[PDB]
Structures are given as structure tokens and as C-alpha cells.
Amino acid sequence: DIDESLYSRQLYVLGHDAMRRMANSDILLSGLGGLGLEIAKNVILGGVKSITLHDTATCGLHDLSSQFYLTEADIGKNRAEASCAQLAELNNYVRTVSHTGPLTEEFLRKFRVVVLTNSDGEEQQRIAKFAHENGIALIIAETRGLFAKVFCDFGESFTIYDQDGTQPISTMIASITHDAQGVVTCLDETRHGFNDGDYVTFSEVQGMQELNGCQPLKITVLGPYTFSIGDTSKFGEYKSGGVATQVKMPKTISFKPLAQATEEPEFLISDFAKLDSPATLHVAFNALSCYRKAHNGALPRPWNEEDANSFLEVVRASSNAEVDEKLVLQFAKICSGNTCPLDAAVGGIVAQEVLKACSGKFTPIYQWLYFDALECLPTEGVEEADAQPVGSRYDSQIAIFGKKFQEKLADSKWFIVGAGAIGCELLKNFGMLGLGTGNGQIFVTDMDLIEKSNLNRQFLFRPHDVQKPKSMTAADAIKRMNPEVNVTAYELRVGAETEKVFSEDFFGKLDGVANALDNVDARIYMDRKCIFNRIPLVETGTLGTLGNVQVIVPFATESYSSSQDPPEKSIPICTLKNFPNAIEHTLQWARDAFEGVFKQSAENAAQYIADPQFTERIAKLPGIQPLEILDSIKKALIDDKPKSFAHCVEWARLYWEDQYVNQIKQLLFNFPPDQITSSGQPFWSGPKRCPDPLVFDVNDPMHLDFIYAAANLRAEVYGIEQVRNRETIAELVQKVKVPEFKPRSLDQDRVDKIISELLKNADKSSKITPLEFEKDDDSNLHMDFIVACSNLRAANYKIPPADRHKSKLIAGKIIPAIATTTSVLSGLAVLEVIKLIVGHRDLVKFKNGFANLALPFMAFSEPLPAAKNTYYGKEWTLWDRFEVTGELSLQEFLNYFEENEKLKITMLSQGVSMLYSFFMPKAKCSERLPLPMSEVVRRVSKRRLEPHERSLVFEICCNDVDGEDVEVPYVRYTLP
Amino acid sequence: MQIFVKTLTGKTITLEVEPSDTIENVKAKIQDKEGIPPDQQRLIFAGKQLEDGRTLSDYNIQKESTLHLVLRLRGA
Amino acid sequence: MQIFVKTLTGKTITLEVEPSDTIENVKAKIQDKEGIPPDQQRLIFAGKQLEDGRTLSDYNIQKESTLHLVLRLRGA
Amino acid sequence: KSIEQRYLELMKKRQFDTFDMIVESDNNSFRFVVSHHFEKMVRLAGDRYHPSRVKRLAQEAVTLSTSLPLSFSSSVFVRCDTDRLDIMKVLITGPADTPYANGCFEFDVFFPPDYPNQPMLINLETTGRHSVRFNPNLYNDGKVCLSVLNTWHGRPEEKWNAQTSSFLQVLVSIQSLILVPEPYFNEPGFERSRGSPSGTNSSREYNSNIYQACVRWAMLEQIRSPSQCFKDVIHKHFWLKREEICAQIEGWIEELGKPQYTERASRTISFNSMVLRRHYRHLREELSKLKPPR
Ligand SMILES: *P(=O)(O)OC[C@H]1O[C@@H](n2cnc3c(N)ncnc32)[C@H](O)[C@@H]1O
């Protein structure tokens, strides 16, 4: 089977069937330049059966611009042979070999997918014809400076099993009309979300039982809440119930051969503001081969006018269709160079296409993809003398941007937050770019350690690097790849608690920040820091095949916090408590039960055992908190303490009985199963599923699994040695006596009594230890207990059970991730970083990125300008602020604002604190008025001011002279 | 005039809108048909992000044009 | 003729239903104002049930009468 | 002046005030001097906050300083931390002609850092140490149920809305939908059984239980051990209306003494009546000891 411990994140994106299909596919990769290297790396991380690296060119100085696996000592050797040794270490399950012979017809028959890079026109045509004639998938990829070209030909009949990769959506039916155009209405006016022309199946339908398990039927969406399935008069009348589930219909398409698709190309639009670009780029790429043939196999010289004119003439002679002459000239001017982020992005795209060819999942490119990043070039262009090679490893980059931009890159300082997959790819791209190799630096921080599941998508880490810090290992790896890179690594988590290191002086010398985090709080904190220090910030985020990039420029664009994302979906309280109807509800309930039983029930006992004077601290707590703590401690230490593993088994059996018999019986007693409302709908109808108490059976694998997991976890909590024998557990659990259950329709003295009970009866020699929920370990029985609990609750309410895979996905809050999306998004982010470093300020040059490699889809948009507001006729944005210097009292602060800005402050706040307000008590207001602002902040925040703090940020709500509220920028208060 | 809105997840939306209507109206129609609140919608057309207070005529949205409903992600 | 029906904002608004109108007709005439489905509405008089099959005359609801309309109040 | 006029004039000034809930502690830490349910979540949140949260909370405070409901029947009092607007406590008095009438119910409100995108968290404290379920929407563990408090799919008009929804809206929703005169029918499905003798008997049983529950916890425990934030307001409210609560409890007792049609409900009603007499004797004992406020 598939090794889930390594491909855990990738499985949620691909699937078991897709991964099985890729495990039987052989890949041949021709050309081992930078683009070929990225393609091979991403494919190997994908986990194909085998990959063969074929190349005829030899390593040169120009290849070091993008190939991170070649060094100066590798000059003169074959690129494929030199890179094969390092490429094999990425994945031990993939057999990697190197080939140097000619690509004969018999040799090509051994590969399912063939990738061609840097191949000439005749070889490309011959191999494409052979592959199409013999049913072999072919992909042709090229990169010329700031341009890209991808071609896909997957055969005469290619079958796709999942066209979009989205999970099926199921809805619940309330009523179905019985006529020739039967209309399905969803429950209590809830949107089904079904697309027009979708195929659905029906289950759990009463009355129209013929529709149960029927073949998928084409639907017609008549509205947001209704749709038609056709003639339903041939079936019986509809009583109630029913669940309609979307079904993914496979699609079969035909790919034209290259020799035909050249004349009639279908373009996948890469940028919707450049609809005419692909038509010109097709002709330019086609005529590049003719120009090479006409000039002794030499590409046009960098930024040479004569060569550009010659290439334009060649393009004019080659094709009769009108083309953008300026675009052709630019392409000819920068065709001889090569850059790393473009290679990474195109490599990610091509690797995703290879995976699509292997597994048959997702819709491939149909058929050509052309992309460009001309906005990275300076507006005035690059002088030809500036683009001449200087015998350096960045020669292919100087051929595009010039030596001056290389000098600017060498002196740049950039901060990368998070060293995950996106962080590692950003670090690799920055190192390959030469950023910080001069007087600059690259800072990277991460608080996490390397885990085995991280190796699937993070190529900077090795199996022997587990338990090591991510940041230091990544820094060492990229130092090995490029010795000139200067990197400073930290093991800190960005936030208010680490401002000692990431102080204002640290951000003062920075030129930008790149975000590679996985949570919103860190993103907001980094946004606040970047706004306060006025430095550009680049935001990247991925989710499976989805990805996005947002660029923030000071004084130009809005911030990441200016817009809002959908909130996290919570579960209604009753749905979690008494009336679950989906497996997610039962999984959340199981997680809550696990936490409450194995963690929250033992924290107080552990604290009491560890701290001898815990009782005297908890005796001073206000309210009924001391009683709530002492009673829990007593219950955990005396009443429910098991003295043997048999007691643990008995406790597990009793807990099972209460959770799946007693509470359900009580719920049914409160609400009878056949309860009927006056108008006709039953109470246990629609979203409400009538439960039924279970009957304990030791022969049932689910019951035995739950008992085993619960008993083992309970023994682990109390320090009793675990008994990992299923037969022993089954034997022990059969002797437990279950008491009968029936449904049902001075404080100081108490605390003293309980304290006496703990000091007399309770023993401090116990080993109470709360359990921390860990999901990536298969030997801690956490996932087994969670699965057993959720499946038992599902069987309680006749909810279909979910296997361990879906339970781990949902309960563990796993974010699916793949390497190709990470590579593409990191390449785009590095392109935006290059744009920022160039010196661009017009929002037209910058482009926010959005991508979905499944469709495939990728579009760009200009970042929105910062919102403008006016007070007293003065325009201000989120980047503007007031400047208050020196040390002033609170009264002096208010008087300063009133006298200068003519604003009466009615509410002054510092972060979450509240220094001043109109409704504050008069005594506190009088006390705080003469004190200095620093002292007031220290008193209100209940924390000392650190020496590294040179300034404070205040938010004020002010009233104008006429008495109406006005929005004003925040205040920067400079400490003396 | 009839326009199409394509979500980043690949689902297609059909709207009945005459030009001159404020984006706010377009976002309200999209909310009625799917359910996302207006402030959580990001409409992209021809490399531009549609902002409130404008009409379709300024963005030259004509018949049978396609919009894109993109969203930000929290992974990494 | 005119009777009063309760709304979301606590206020009670003026509507044109008849005693001979069934509660289905009353629901339809409430619906024509805001598009609210008839099944979402529960017509109520002084805390007492009204449902589709009856007409307003069976509960002596006529001119100047008020209806405490609550939209099938939901829960946890 | 009439007693209602004096009540309205006296409690108008103390509707929205601030209290010292958090004090300075050693080694740059802070500790709670009052029992707040969301202390653990407050500590977990730390200093994280959305940029719009400060403006939203300032506008909310401006609204609450003037727009809190107030009447002889029911009133709402809000206390916030003197240094943090995101920590609040809410006291709601039961509306007249309801089982909660003249009963002080205390809530803990914490505004998450993602406010106003995420709905605020509110927890009921007057539950009698989790031994009393005052309402179907008020679980005995303290959780409070409202449709407005859910970001779940639901309906766009009923969901928590980042713009239209507000704290005052949530308070009014509680006051108008939870403390209803007939709490039994708040449960979905049971709402349509009203008008039947069985439904009437079930509602009478539930009301009889809630009567003694409120008399014990919302009145006697609040008088004996009032919260530090709501001490003087509770004292004034119970002193100004003591004859009214006495008369209302006596009327409840007379209503519970009426004959019952079914023995199953009759036994529970009689037991609740005895419990209510036992609690009302203690309440009368405590009321006479109330020193008149200045
Ligand atoms: P994905 O989860 O693969 O990568 C995210 C990485 O970022 C790190 N990270 C998350 N949050 C923070 C903060 N606040 N500071 C520093 N680093 C952070 C994760 O540990 C992952 O390595």
C-alpha cells in the first residue's frame, strides 16, 4: 500500500487510486537545466515509480544561475549524471537513473510520460510524432529569459476521472413533486450548491425507494434551492427523508498531435490583461529555432538591437499573421538569459502536468500555455553594455537584468517568516538569485522541528535531519547549494513575545518581508509590523492545488488586514451535543470527549501533585473556582483513580455504556421517537436523526477497539503499564458488571473538608500526566480512540462511518499540501520580490496571483490602492500617522492634540489596552492625568517596558470642533 | 446582458445584469445565488480587481464576459 | 381590508388580507412584499396557533386586528 | 415619586460602568480578582487583536453607554474591565410575567481577537453550579444558544453579520427570545404542541421547576453572595422591589397549589411547591436584613 506516514499530506490532494497509478508509471526527462531540475525534483517528490534523467549538454557557468545541484567543480561533466546522485536522495521509493545515449524509438517505448526540454525543432517533431503514434504522453517545456512555453499531448483518447478535484456535496431533500418534471426542494431553504448539468444519486429515500442507489441522473438547476431530475411519475409517492449526493462523471478528451496543433493552437490564458500575448509568443518561440539555425546555433545577444531586428525579420518571414512587433523585439532582447523563479514556476506546472498524465486526475492544459513576467524589467530597459557577461555564476541573470540589478540584489536584506515548504522554496530561490551575497543578508525564522511527513514537500530536509530545527537546516542546505549566500537563522516564533530580537531596529534595516506562515495571527502580526516600519511585504498561501500571492507596497496598496476572509465554520451547539447528522459533528464530539477525559480531568491533579503549595494558591481564588478545582482534584485522585489495569478496563466499559446507551436512552425519553408535530412533520425528521442505543458485543471489532484504546489511554494517564493484548482486553471486559440505568425527568467548610481529604487519603506518589493529542504517531492510540469514538457515535445515529484517513483529515485539522503548488506560488512570490527590488511603484507593474493547478487556472490582478479618508480637508491612508516626540503627560498629550490637530480625544488605546476613555472612573482619570505616557502604559498593560522599545503605537477616537466623530491615523509616540 | 462568474474552485455562475449597476448590486446578486457576504468577495476582470462604488461600464464588462471570484488561503 | 402583521424589526406593518382569506392567502400576501416563503411564516394571534388550512374568520381576525408573526423561530 | 420612577431614576446612572477585574501581579503577569469564565481564553489570546477590533469596540462602548434597555420590567447592566474593553460581564433582570421575573442573571462576555468577524463568546454564570437548566437555550454547563451567535451556514439574515450585528442586538435577542413567558415551547418541535392539555401540563411542570430554580439561584444566592461588579446594583434592585418579589412569589405559590389533572405532573408540581416554600422562607429571612441604600 501507499506509505501514509510519508505521503499523508499529498494523499488528501491526490487520492489512493491516483497515487497507485503514479506508482506504476515510468518518466523520462530530457534536458537537465534549471527547468528540468525543478521538474525532476517535483516529480520525484511526487513519488512516481521511476525517473530517467537524460541530457547531452555539459555543465557550464551559465547553468549555475538556476541549477542548484551543480557547482563550479562540475563544469565539463554531464548535467544529468552530476545531478542524478543528489536527485536520488529526495525520495528513496523512486528509482532514479541517468542516461546519455541517443533517444531511439525502442528506448522511448519504456516510458509512460516523456518530457522534452532544450530540444531542437527536428528532434521535438520526431519525438512528438513517435509518441502520438505509440500512445505515449509528451510534454514540451521551454524557458527563455522572462518567457515560458508548455505543450501537452496526452494521446488520442485520454480519460479524466476527477475533472476539478472538489469533494462531492450532499444535500437533504424536504419534498419531491410527482409529475413529468419532478422538482426537488432542499431542506429548510438551504442552498444545495449543485452546478447546472450535474449528476446526482439518491439514498435513504422513503416512498420513492426506486431512486435509492440508482444510476446518476442529469439535473437542471431551477434556482438556488430547487432543481429538476426529470420525470418522476413512474415511481411511488414521496413520504419524507432522502439524501442527494453529487457524483463525479469521468470525461474523455482527444489531444491533437504537435504537428497538427501547431497550426491551430488552443491557448490557456495565463494573464487576462494580455490576451494577445500568447499569439505572438507562439510565433516567437517557433521562429527562435529558425534564428538559431540561421546563426550557427547561437541565440540573439542580450539587449542587442541588431540581433533583435534580425529576429523580428525572421518572425515576419516565418508567419503571415500580424504580431506585436514590440513584444517580439523584447523577447529577442531577453531570450538568451535565464532566471530561477521562472524555472521553479514552470517546473511546478510541468510536474503537475506529468502527475495528471500518470494518474488521470485533474484536467490538463489544452493545449498550449504561454506565460511572461515582463513587468520585472526596468521601465527604461537595460543598456547593452550593462548586460554583458562578467564570468560569474549569475551571467544568465545579468543577461536579463544587468549588472546594476545584480549589485542591488547583493546589497538587499530580506526577512523570511516560516521555513515550511513555501519558506524552503523561497529560501532556495533567494539563494539562487544571489540576494544578500554582498553586503546584504537573508534572515529566516521558524519555531518548529522537522517531522517525517514534512519531507514529502520540503526538499531541503533529509530523513536524518528529523528533530532538528527547520531554519538552521534550511540555511545550511542553501549554503551548500550556493556558498556566497549569507544567512542568519532563528528558532523563534514571531509575535509580541519575541520583540526583543525582532525589535524596531531589526526591521529598520530590512528591505522587505516574505510570509510563509500557516495561520492568520502571524500574518496579521507581520502586517502590523510591516505597516509600522513601512517596508514591502509579500504574502503567500496555499491549500492543496490552490494558491495565492498578495503584494503590499508602502503608501501604494492596501494591507492584508484591509480585507476579510470567511470565518472558520463553527458547529451549532445542539448539533454537537444531542443531534449530530454528519461525520464531522461526531469527529468533533470525539475530539472534545478525548480532551475532556484525558487532558482536562488530570491537569489540576498533576498541578496539585507537582506543587506542594498548590492548595494555598487555589484557596485565594475568587468565586466558586476553589470548589470547582478541589472537587475535580478529588475526583481525579481518589474517586476515579484505578489501582490496576482491570479497573481501567472497567472504567472504559462504563464510559462506553454511558456514552452510547444511557445518554441516548435519556435523549429518547425526553423526545419520543414517534413524536409528531401538529401540522404533520415528525420531530425526528429532516436534519434530526433518531438515535438508537447500542448493545455491547465483544465480538464487534468497533466495540473491542474502543475498549482497548480507552483502557490503554486511561492506564497511560495514571502511569499503569499498558496491556497491548486484544485477547486479554476481550477476556477482561466480559467480567465487568454494568449497573442498571433509568431515565430521569458553608463554602469555607466545604473547601476545608476537601483539603483535609486530599491531605489525608490522596497520595502524592501518583504519576498523573495529562495526554497531549498527537496525530502523526500511530503508536499512541490517539487516532484509534478518536476513530472508534466517532464511528460509534455515527452508528448511534445511523450516520455512515468514516475510515481512519478521513477521520485524521477532519479531526486533526490537516491542511492538504503538494510540492507543485508550493513551487509555483514561491516562483510567483519571488517574481514579485524582484519587481519590488527593481524600484517599481506603479500598481500596474505589481500583480496579485491566484492559481488552481487542478482546473488548471491562474490569473492576476492589480493590488487595490489604499483607501483615502479626509479629516479637516487633509487626506490620509493606513500608512499615514501622527508624530509625537519627547516625554509628555497624558494631560499634555490631550492638550497637544486639542491645540494642534483641533481634535478632542474621547478614547485612547494602546493595543488591547485602554489608557483613556470618556466613561472611565473620575478617580482613575485624575490619577493618570499627571503621569507620563510611558508610566501610564506600564500601569495599564501590567507589564514593564523593555529597553529595546523605542516607540509606542496609540489608536485614538477623536471628535472635531463641531462634536462629530472623525477617523484619524494612529499615533507614533517616540520615547526619549 | 448575461455574464458569467467563475469561482477559483471551478464552479460557474450565471447572472442577469444590465450595465450601469454598481458593483454592490453585482455582489448582492452573487450573495443571493451562493451565500458569500459582499465584503468577502474578490471579483477579478481583465487584470483589475473590482471595487465598490463603480459600475460595469467603467470596467467595460459587456455581454458574455467572464469574471473570477478568487479567495485567499491560510496554508503554507 | 387592512390588518396588521408583525415583522422583523419588532414593528407591525399594514397589509391587505381578508377574513375569508385562508392563512395560505395571508402568507402569500405577506410574501408579495419581501419574497419570504409561506412555509417560513407562522401566523399567530395572541400566542395562539394559525395554520394554512384555516381562514382568518375562524379566529375572528378582521379589520384592525393584529397578528404576531414569527418566522418559524429557529434554535440550537 | 412613584416607586417605578425612583427605580428608573436610580438605575439609569449605573447601566454602563467599569470595574477592576484584572490587577498587576509579579514577574510582569496579571491575575483575575473576579471569577470570569473566559479567563483561560483571555490568557490564550494574549495580545493578538485585529486592527478593526479597537474601532469596533470603541463604537460598541459608545452605543452601550446610552442605548442599554431599561424599564421597570427588565433591565440590562454591563460592566467592563477598566483596562480592557474585550472583557465584560452582563446582568439581566427577568421580565415581568415570566418565570424569571425579578431574577438577576449574570453572563460573562469575551470578545475574541477576530471580532467583529467572529461572534463574541457569552456564558451564563447563574446556573447553580451546573445543577439547573434554566432554559432549553441555556444549557446547564453555561453555554448560551442564539442563531445570531452562529457563523454556521444558516441564513444570511439569521447569521452573525460583520456589519449589522452588534452586542446590543445580542442582548436584546436574549431578552426577547430566551426569557419568554413560556420557556417550555422554546424547544423546536414542542412549539406546535401548545394549546393541548398535555402541552399545558408540561409547560406548567417546567414553569414550576423554573420558579424554584430562579428563587434559589437568581435571588437568594445573588443576595447572599453578589458578584463584586454587580454588588450595589443588585442590592438596590432587591431593596426597591422587595414587596413586589414577595407578592409575585406568593402568587406563584397560590398558582402551584391549584389542583392538577394528571398525577405524574401533580407529584412534581407538589415537590416543586414544597421546595419553593423552603426557598421562599429563606428569601424572606434575607430580605428583611437588607440595609436600605443611601
Ligand atoms: P506549512 O505549515 O508547511 O509551513 C508553515 C511553517 O511556518 C511556521 N510558523 C507558523 N507560525 C509561525 C510563527 N508565528 N512564527 C514562526 N514560524 C511560524 C510553522 O512552524 C511551519 O514551519
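Yeah, the Cβs are placed from backbone N, Cα and C, and that goes for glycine too.
These come from Swiss-Prot:
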CROSSLNK  B:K6  ubiquitin cross-link
CROSSLNK  B:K11  ubiquitin cross-link
CROSSLNK  B:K27  ubiquitin cross-link
CROSSLNK  B:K29  ubiquitin cross-link
CROSSLNK  B:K33  ubiquitin cross-link
CROSSLNK  B:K48  ubiquitin cross-link
CROSSLNK  B:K63  ubiquitin cross-link
MOD_RES   B:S65  phosphoserine
MOD_RES   B:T66  (Microbial infection) ADP-ribosylthreonine
SITE      B:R54  site 'Interacts with activating enzyme'
SITE      B:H68  site 'Essential for function'
SITE      B:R72  site 'Interacts with activating enzyme'
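Structure with Swiss-Prot features highlighted.
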residue	record	contacts (Cβ under 8 Å, 6+ apart)
B:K6	ubiquitin cross-link	B:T12, B:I13, B:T66, B:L67, B:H68, B:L69
B:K11	ubiquitin cross-link	none
B:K27	ubiquitin cross-link	B:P38, B:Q41, B:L43, B:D52
B:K33	ubiquitin cross-link	B:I13, B:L15
B:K48	ubiquitin cross-link	B:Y59
B:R54	site 'Interacts with activating enzyme'	B:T22, B:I23
B:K63	ubiquitin cross-link	B:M1, B:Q2, B:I3
B:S65	phosphoserine	B:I3, B:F4, B:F45
B:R72	site 'Interacts with activating enzyme'	B:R42
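All protein chains included, B:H68 (site 'Essential for function') registers 19 other Cβ atoms within 10 Å of its own Cβ.
When Cβ atoms from all protein chains are considered, those within 10 Å of B:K29 (ubiquitin cross-link) total 16, not counting its own. Cβ neighbour count for B:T66 ((Microbial infection) ADP-ribosylthreonine): 16 (other Cβ atoms within 10 Å of its Cβ, all protein chains included). Proximity to chain A (Cβ-Cβ under 8 A) holds for B:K33 out of the recorded positions B:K27, B:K33, B:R54, B:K63, B:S65. In the three-state DSSP assignment, the secondary structure recorded for B:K48 (ubiquitin cross-link) is strand.
DSSP assigns B:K6 (ubiquitin cross-link) to a strand in the three-state reduction. Under DSSP, B:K63 (ubiquitin cross-link) is assigned to coil, being neither helix nor strand in the three-state scheme.
The DSSP secondary structure for B:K11 (ubiquitin cross-link) is coil.
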